[PDB]
Protein chains: 2
Amino acid sequence: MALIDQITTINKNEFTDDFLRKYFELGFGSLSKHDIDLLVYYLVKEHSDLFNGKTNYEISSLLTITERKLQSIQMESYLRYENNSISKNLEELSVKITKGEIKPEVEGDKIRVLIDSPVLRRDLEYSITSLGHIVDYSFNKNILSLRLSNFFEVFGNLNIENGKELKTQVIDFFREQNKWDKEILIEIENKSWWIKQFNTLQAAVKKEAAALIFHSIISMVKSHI
Amino acid sequence: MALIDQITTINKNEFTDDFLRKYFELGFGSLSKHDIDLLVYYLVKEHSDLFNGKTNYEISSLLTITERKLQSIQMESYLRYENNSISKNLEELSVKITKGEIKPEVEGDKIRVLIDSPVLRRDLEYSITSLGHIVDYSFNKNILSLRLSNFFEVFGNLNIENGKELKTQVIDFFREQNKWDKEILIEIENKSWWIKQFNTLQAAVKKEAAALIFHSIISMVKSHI
């Protein structure tokens, strides 16, 4: 079975102990098939490394189910059997960016972020839309697209975790890169600035700018509940 | 949970390994609730001592299910996941009699045997009714009642495992006990013999006679496929 030996490590004692406690909570035969499928997904995720570092495409292939079914299973099981703060999920998103597992990229006046985890996607969307203002964004499958000019105009004044204003931290990045790149004016609330001036920069400056921008946006959202 | 700590020993490694192999045989989410309930029953029975030495009443109480449901689950799970010969099940029945876990008792012209296991009950009934003749017997719940006079008249000539005829082995028992009990004629194919003469014996002779008779009947049935 390509499945059970793809498991390279698993705490079999607590897989068994946990399964028995939850299968038998209301008595033998009390859980529905769907309840048990959520339990099994949780048990493999909590007590093995099977899903570790794998994309949704890989996990769905491993489980022999569609990506759409996997997303429902992942969310329903997380809600049933796990508890995380929005703060911890936002921080996990941030760390994935620092590690390069998620690579934000700017195109025109939009920053785009592939977020494969439905749990992280849910908490980001909820938290970023709970700041008192409608947010200019959309999702293309699992890719968040966020309008830059409008975001900084509307939310640029809110503090990030290190106390500085969001717009301040992003502007300060562009100044430093002006030290080794050809100098540009900095107008982050300007749609045409992103479209023409930002587009001029070297692909590696733009890559790094997008990671810092999204790090700072997450940091701003974490600072505000 | 009165359940999971009633487990005094369990191979948790193979409980986990076995569950994963069978849960995932056709892919995640392919097994019905009923399929999974049969699997779990088999897994607890194969990989723990939870059910060991317990009556159906105790197991059903442990599982929070009726005795009728338990019997269906036990049979369906055995058929799905286990394999035993009729010969091995008949021998297990025999050993339970020697151990005193099952105590055959004669009343009138009938010998009665409580058989709690639906698996053993099924193989006994099938094997004992596959000897070419209709058998005079009935079940009261899990108590087999077998008519003595008619059984020895019809099947008394068939060999038991040690080569002797069934009627011969049973008669030889009554002779030995005549050595220390008051002597009786021996007419095991006679209904009124069981009802009046056998009834005379001491309760401990009758207890031992019933175990030897049923041991020999099982031995006869094992000798004939």
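In what follows, every heavy atom counts, from backbone to side chain, and hydrogens, waters and symmetry copies are set aside. Each chain gets a letter, A, B and so on, in the order the sequences are listed, and its residues count up from 1.
Heavy-atom neighbours of A/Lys110 NZ from other residues, nucleotides or ligands within 6.0 Å: at or below the threshold of 12. In A/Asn52, the CG atom is crowded: over 12 heavy atoms of neighbouring residues, nucleotides or ligands sit closer than 6.0 Å. The environment of NZ in A/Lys22 is crowded: more than 12 heavy-atom neighbours from other residues, nucleotides or ligands sit within 6.0 Å. Atom CG of A/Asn83 sits in a sparse spot, with 12 or fewer heavy atoms from other residues, nucleotides or ligands closer than 6.0 Å. Enclosure of atom CD in B/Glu82 by more than 12 non-hydrogen atoms of other residues, nucleotides or ligands within 6.0 angstrom is indicated. More than 12 heavy atoms of other residues, nucleotides or ligands lie within 6.0 Å of CG in B/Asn162, so this atom counts as buried by the packing criterion. For B/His224, the NE2 atom is densely surrounded, since the number of other residues' heavy atoms within 6.0 Å is greater than 12. Atom NZ of B/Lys191 is surrounded by 12 or fewer heavy atoms from other residues, nucleotides or ligands within 6.0 Å.
Between B/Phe19 and A/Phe15, the ring planes are tilted. Angles from 30° to 60° get that label.
A/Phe24 places none of its side-chain heavy atoms less than 4.5 Å from the side chain of B/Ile4.
Proximity to chain A is absent for every atom of B/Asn11, based on heavy atoms less than 4.5 angstrom apart. Interface remark: A/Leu63 contributes backbone and side-chain atoms alike to the contact with chain B (heavy atom separation under 4.5 Å). Looking at B/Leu43, neither its backbone nor its side chain comes within 4.5 Å of chain A, counting heavy atoms on both sides. B/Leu62 does not touch chain A: none of its heavy atoms, backbone or side chain, sits under 4.5 Å away.
When all heavy atoms of A/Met1 and B/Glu25 are compared, the pair lying nearest together is SD-CA, 4.3 Å.
For the atom pair CD of B/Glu14 and NZ of A/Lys12, the computed distance is 9.5 Å after rounding to the nearest 0.5 Å.
Among A/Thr64, A/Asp35, A/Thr16, A/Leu26, the residue with the largest count of heavy-atom pairs under 4.5 Å with chain B is A/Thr16. Contact tally against chain B (heavy-atom pairs below 4.5 Å) for A/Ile7, A/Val40, A/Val44, A/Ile65: the top residue is A/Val40. In terms of heavy-atom pairs under 4.5 angstrom with chain A, the leader among B/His47, B/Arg21, B/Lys33 is B/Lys33.
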| message | If you apply the rule side chain to side chain contact (heavy atoms under 4.5 Å, CB included), what do you find for B/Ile36 with A/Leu31, and how did you get there? | response | CA-CA 10 Å; B/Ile36 298 172; A/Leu31 297 188; over 6 Å; no
